[PDB]
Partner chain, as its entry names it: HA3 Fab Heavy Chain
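Below you'll find only one chain, the form solved without the partner chain, shown as structure tokens.
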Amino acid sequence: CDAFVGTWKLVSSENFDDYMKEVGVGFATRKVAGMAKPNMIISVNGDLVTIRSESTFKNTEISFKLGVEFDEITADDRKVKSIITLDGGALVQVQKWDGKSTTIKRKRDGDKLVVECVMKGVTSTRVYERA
């Protein structure tokens, strides 16, 4: 799971607004979230994975074990159940809440970390590179 380890900075964002729309994120947060260029810091300690996201918007962190469901408060303040798994080199996170769910796929593409977020057919894609 070490291919993801390191510090990553956002270099491109696509369709993030309609992904957020689909998730139920409100207008004001969408403006601030869409203007942020977060760093994403990923580390592994033994079996424990950690992902820190650092924007002007918010600073969040999740710590989790692969394939063990955990409770999470997302940056837009949803309380979700998440499970994160490693699937052929992609880190795949499923978040469930209030009868909905969204998949967040983190994968390595050349020198890039590509994050694909899907919910109900709406996809957002954010690309990161090492800082």
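Numbering follows the first chain given and starts at 1.
Keep in mind that the form deposited with the partner chain bound is not shown, yet the notes after this line are about it.
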**OP:** With heavy atoms only and a cut-off of 4.5 Å, decide whether residue 115 touches the partner chain in the entry with it bound.
**Re:** no
Original post:
For residue 104, is any heavy atom within 4.5 Å of the partner chain in the entry with it bound, or not?
Top reply: no
Original post:
Counting only heavy atoms, which residues in 72-101 are within 4.5 Å of the partner chain in the entry with it bound?
Top reply: 76, 77, 78, 97, 98, 100
